[PDB]
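A short write-up of the structure that comes next.
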Amino acid sequence: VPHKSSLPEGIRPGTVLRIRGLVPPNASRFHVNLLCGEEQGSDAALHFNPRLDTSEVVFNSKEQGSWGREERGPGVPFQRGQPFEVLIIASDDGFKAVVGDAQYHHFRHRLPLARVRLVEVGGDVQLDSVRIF
Amino acid sequence: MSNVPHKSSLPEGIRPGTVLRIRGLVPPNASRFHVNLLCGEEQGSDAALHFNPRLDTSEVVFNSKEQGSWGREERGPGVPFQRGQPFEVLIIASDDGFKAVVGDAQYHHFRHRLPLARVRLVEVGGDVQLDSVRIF
């Protein structure tokens with residue numbers, strides 16, 4: 001079952017999302033989604049998708065039911081059997097993804113930051129905590 | 001010789017979305033310590049933010065300094081620092097001010113008095129053992 005953090009006021013430049021958890025021993029992939037509503041199939045301002053089985057981290061957006069063009073970060077800073085800490089930092093121009101205290105990828109906004117209403121974490125991850133500062 | 005404040009430069013300044021992470025330890029007999037967001041490298045430069053945990057009065061004072069004059073102090077609730085204990089502080093810049101997070105809890109919101117665009121260095125001084133300043 002996915003974890004959901006409701007943000008009915010939305011988020012602004014200066015919003016910090018900290019996601020901690022464990023990648024379990026046989027994990028295929030997991031995701032952190034910044035969604036614009038609570039309906040299934042809602043728009044995704046950010047889809048952050050570490051894929052352990054393919055050794056890729058995919059970034060994408062979803063807009064009226066259709067996915068955009070994927071972006072990929074450099075390699076995969078996640079491992080089966082290892083805990084992680086991800087920061088997703090909203091600024092005026094995009095999201096900064098920090099993994100293991102290292103700046104990892106910058107994802108330019110494709111949807112207005114103001115439309116975000118929900119953070120959802122799902123897939124093969126054993127969640128420690130999601131915090132929004 | 002000891003107690004020289006630690007400085008970290010901000011070569012391109014800071015913006016909404018800048019995250020300052022300050023990790024340290026409060027010495028067993030600390031009086032007070034501070035984190036300053038300063039607008040220049042000279043003594044007496046303006047402080048966009050002065051974050052001043054005071055253990056001997058059990059309070060946390062927030063303020064700004066402009067033209068060598070301190071502004072109106074604000075205080076957070078109580079004091080989430082303890083002598084002899086490690087701490088982690090987040091200072092997060094937004095459009096409307098700085099959010100101070102202490103011990104993983106939102107602690108105070110200090111609305112901007114000086115422009116974020118003028119902040120050019122982080123200074124940590126007082127009775128504190130500084131482990132790391134990281135800028136995200």
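Note on naming: chains are A, B, ... as they come in the structure tokens, residues start from 1 per chain, ligands start from 1 in the order shown.
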task: Extract, using only C-alpha atoms, all DNA, RNA and protein residues at most 9 Å from residue 84 of chain B, discarding same-chain residues fewer than 2 positions from it, and format them as a PyMOL selection string.
output: chain B and resi 25-30+82+86
Limited to C-alpha atoms, could you put the picked residues into a file as a PDB file, in the first residue's frame?
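Below you can see again07.pdb, which holds the result:
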ATOM      1  CA  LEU B  25      27.058  19.701  19.402  1.00  0.00           C
ATOM      2  CA  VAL B  26      26.267  22.038  22.294  1.00  0.00           C
ATOM      3  CA  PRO B  27      29.114  21.890  24.852  1.00  0.00           C
ATOM      4  CA  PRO B  28      28.235  20.829  28.422  1.00  0.00           C
ATOM      5  CA  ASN B  29      28.556  24.400  29.751  1.00  0.00           C
ATOM      6  CA  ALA B  30      27.450  26.400  26.711  1.00  0.00           C
ATOM      7  CA  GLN B  82      20.372  20.977  25.397  1.00  0.00           C
ATOM      8  CA  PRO B  86      24.057  17.071  19.309  1.00  0.00           C
TER       9      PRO B  86
END
Could you write out as a JSON list (two decimals) with C-alpha atoms, in the first residue's frame the residues of chain B within 7 Å of chain A, counting only C-alpha atoms?
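So the final result, stored in part-v8.json, reads:
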[["chain", "number", "residue", "atom", "x", "y", "z"],
["B", 16, "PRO", "CA", 14.07, 30.32, -2.48],
["B", 17, "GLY", "CA", 14.80, 26.63, -2.35],
["B", 18, "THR", "CA", 18.22, 27.02, -0.71],
["B", 92, "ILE", "CA", 15.21, 26.81, 4.46],
["B", 93, "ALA", "CA", 14.78, 29.93, 2.32],
["B", 94, "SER", "CA", 11.32, 30.59, 0.88],
["B", 95, "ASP", "CA", 9.85, 33.59, -0.94],
["B", 106, "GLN", "CA", 9.31, 23.01, 12.14]]
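Remark: for residue 76 of chain B, the closest of the candidate residues B:60, B:19, B:90, B:114 is B:60 (distances computed over only C-alpha atoms).
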- request: Please give the complete set of residues from segment 2-84 of chain A that DSSP, run on the backbone, assigns to strand (DSSP E or B), formatted as a PyMOL selection string.
  value: chain A and resi 3-6+16-22+29-35+44-51+56-63+66-67+71-72+83-84
message: Residues within 9 Å of residue 34 of chain A, please, as a list in words. Count only C-alpha atoms; anything in the same chain fewer than 4 positions from it doesn't count.
response: residues 43, 44, 45, 46, 47, 48, 116, 117, 118, 119 and 120 of chain A
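Distance annotation: of B:72, B:132, B:41, B:80, the residue with the minimal separation from residue 58 of chain B is B:80; atom set is only C-alpha atoms.
Of the listed residues (A:99, A:52, A:86, A:17), A:52 comes nearest to residue 123 of chain A; the distances count only C-alpha atoms.
For segment 124-130 of chain A, the residues within 8 Å (counting only C-alpha atoms, excluding itself and residues fewer than 4 positions away along the chain) are residues 5, 17, 18, 19, 20, 21, 22, 23, 24, 27, 28, 29 and 30 of chain A.
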query: Between B:46, B:131, B:96, B:123, which has the minimum distance to residue 67 of chain B (counting only C-alpha atoms)?
result: B:46
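Every protein or nucleic acid residue with an atom no more than 9 Å from residue 41 of chain A, counting only C-alpha atoms and leaving out same-chain residues fewer than 6 positions away, appears here: residues 62, 64 and 65 of chain A.
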field: Of the listed residues B:117, B:130, B:135, B:122, that which approaches residue 8 of chain B most closely, counting only C-alpha atoms
entry: B:122
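What separates atom CA of residue 116 of chain B from atom CA of residue 37 of chain B is a distance of 9.5 Å.
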Using only C-alpha atoms, which protein or nucleic acid residues come within 10 Å of residue 44 of chain B? Drop anything in the same chain fewer than 3 positions from it, and give the result as a PDB file with N, CA, C and O atoms, in the first residue's frame.
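And here is the file that came out, around_17.pdb:
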ATOM      1  N   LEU B  38      24.813  36.497   6.797  1.00  0.00           N
ATOM      2  CA  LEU B  38      25.350  37.846   6.697  1.00  0.00           C
ATOM      3  C   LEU B  38      25.422  38.313   5.247  1.00  0.00           C
ATOM      4  O   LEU B  38      25.537  37.507   4.326  1.00  0.00           O
ATOM      5  N   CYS B  39      25.369  39.632   5.054  1.00  0.00           N
ATOM      6  CA  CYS B  39      25.351  40.209   3.715  1.00  0.00           C
ATOM      7  C   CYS B  39      26.720  40.677   3.241  1.00  0.00           C
ATOM      8  O   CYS B  39      26.813  41.327   2.191  1.00  0.00           O
ATOM      9  N   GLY B  40      27.778  40.365   3.977  1.00  0.00           N
ATOM     10  CA  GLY B  40      29.096  40.840   3.604  1.00  0.00           C
ATOM     11  C   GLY B  40      30.125  40.241   4.528  1.00  0.00           C
ATOM     12  O   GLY B  40      29.794  39.658   5.564  1.00  0.00           O
ATOM     13  N   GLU B  41      31.387  40.392   4.132  1.00  0.00           N
ATOM     14  CA  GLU B  41      32.480  39.777   4.867  1.00  0.00           C
ATOM     15  C   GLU B  41      33.103  40.696   5.905  1.00  0.00           C
ATOM     16  O   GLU B  41      33.942  40.234   6.683  1.00  0.00           O
ATOM     17  N   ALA B  47      22.953  41.528   8.880  1.00  0.00           N
ATOM     18  CA  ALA B  47      22.563  40.130   9.067  1.00  0.00           C
ATOM     19  C   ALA B  47      21.117  39.983   8.621  1.00  0.00           C
ATOM     20  O   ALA B  47      20.216  40.556   9.245  1.00  0.00           O
ATOM     21  N   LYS B  65      19.909  42.528  11.505  1.00  0.00           N
ATOM     22  CA  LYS B  65      20.691  43.728  11.769  1.00  0.00           C
ATOM     23  C   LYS B  65      20.927  44.490  10.472  1.00  0.00           C
ATOM     24  O   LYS B  65      21.392  43.911   9.486  1.00  0.00           O
ATOM     25  N   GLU B  66      20.642  45.793  10.493  1.00  0.00           N
ATOM     26  CA  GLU B  66      20.711  46.649   9.314  1.00  0.00           C
ATOM     27  C   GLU B  66      21.371  47.958   9.720  1.00  0.00           C
ATOM     28  O   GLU B  66      20.909  48.607  10.661  1.00  0.00           O
ATOM     29  N   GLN B  67      22.453  48.334   9.035  1.00  0.00           N
ATOM     30  CA  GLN B  67      23.202  49.553   9.369  1.00  0.00           C
ATOM     31  C   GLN B  67      23.682  49.534  10.816  1.00  0.00           C
ATOM     32  O   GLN B  67      23.631  50.547  11.515  1.00  0.00           O
ATOM     33  N   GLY B  68      24.122  48.371  11.281  1.00  0.00           N
ATOM     34  CA  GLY B  68      24.567  48.239  12.646  1.00  0.00           C
ATOM     35  C   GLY B  68      23.483  48.322  13.694  1.00  0.00           C
ATOM     36  O   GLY B  68      23.809  48.329  14.880  1.00  0.00           O
ATOM     37  N   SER B  69      22.211  48.388  13.304  1.00  0.00           N
ATOM     38  CA  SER B  69      21.098  48.407  14.247  1.00  0.00           C
ATOM     39  C   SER B  69      20.323  47.103  14.183  1.00  0.00           C
ATOM     40  O   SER B  69      19.907  46.673  13.101  1.00  0.00           O
TER      41      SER B  69
END
query: If we count only C-alpha atoms, what is near residue 24 of chain B at a cut-off of 12 Å, once residues fewer than 6 positions away on the same chain are taken out, given as JSON, numbers by chain?
result: {"B": [6, 33, 34, 35, 81, 82, 83, 84, 85, 86, 87, 88, 89, 90, 102, 103, 124, 125, 126, 127, 128, 129, 130, 131, 132, 133, 134]}
Output C-alpha atoms for every residue in that selection, as a CSV table (one decimal), in the first residue's frame.
chain,number,residue,atom,x,y,z
B,6,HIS,CA,33.1,29.3,11.3
B,33,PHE,CA,25.6,30.3,20.2
B,34,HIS,CA,24.4,31.6,16.9
B,35,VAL,CA,24.0,31.1,13.2
B,81,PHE,CA,18.7,22.7,22.4
B,82,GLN,CA,20.4,21.0,25.4
B,83,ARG,CA,23.9,21.3,26.8
B,84,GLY,CA,26.0,18.3,25.9
B,85,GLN,CA,23.6,17.2,23.1
B,86,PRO,CA,24.1,17.1,19.3
B,87,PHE,CA,21.6,19.0,17.1
B,88,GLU,CA,20.6,19.4,13.5
B,89,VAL,CA,19.2,22.7,12.2
B,90,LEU,CA,17.7,23.3,8.8
B,102,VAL,CA,15.3,21.8,14.7
B,103,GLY,CA,15.3,18.2,15.6
B,124,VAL,CA,28.5,30.0,13.1
B,125,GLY,CA,29.8,31.3,16.4
B,126,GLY,CA,29.5,31.2,20.2
B,127,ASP,CA,29.6,28.2,22.4
B,128,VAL,CA,29.1,25.4,19.9
B,129,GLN,CA,31.1,22.6,18.3
B,130,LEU,CA,30.3,22.7,14.6
B,131,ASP,CA,30.3,19.4,12.7
B,132,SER,CA,29.2,20.5,9.3
B,133,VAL,CA,27.5,23.2,7.2
B,134,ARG,CA,26.0,21.8,4.0
